[PDB]
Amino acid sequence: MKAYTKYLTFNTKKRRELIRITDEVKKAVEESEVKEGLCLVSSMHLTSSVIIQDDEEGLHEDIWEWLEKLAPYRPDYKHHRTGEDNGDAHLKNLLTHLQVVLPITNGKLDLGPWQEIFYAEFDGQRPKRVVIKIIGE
């Protein structure tokens, strides 16, 4: 059986940011030479997630507003006992889920007509990685 691993590193210019990584993942799928298989794309951190959204602008704005609404920055989270006040970023990671698993069909990332893979940074400005793990034939 074939297996392929690749790590993507980000250091966003902002604390919160949406980064397209579909082509990155597609590059990995090609390198893996896998014809049929599974492709896991997961954030290795608790304050960021790999999500599948689409490209529309307005929707990107809606998700930040919904995230802030459901998992708002707060000064009083208990996590702040450590002096860290990125508690909301952890909640946003829980909310959105840290990862996605995609099919590989006929040597291709099996995506829907509008699906796009993003690295959703919730506490960036420092080096953080995303793992791509592919298995199959």
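Numbers follow the displayed sequence, beginning with 1.
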(request) Look up the CA B-factors in the entry and say which stretch, 73 to 81 or 93 to 101, has the higher mean. (result) 73 to 81
(message) Highest mean C-alpha temperature factor of the two stretches 35 to 43 and 108 to 116, which is it?
(response) 108 to 116
(message) Split into thirds by Cα B-factor across the chain's modelled residues, where does residue 49 land: lowest, middle or highest?
(response) lowest
(request) Grab the CA temperature factor for residue 21 from the record and place it in the lowest, middle or highest third of its chain. (result) middle
(request) State the tercile, meaning the lowest, middle or highest third, of residue 1 with respect to the CA B-factors recorded for its chain. (result) highest
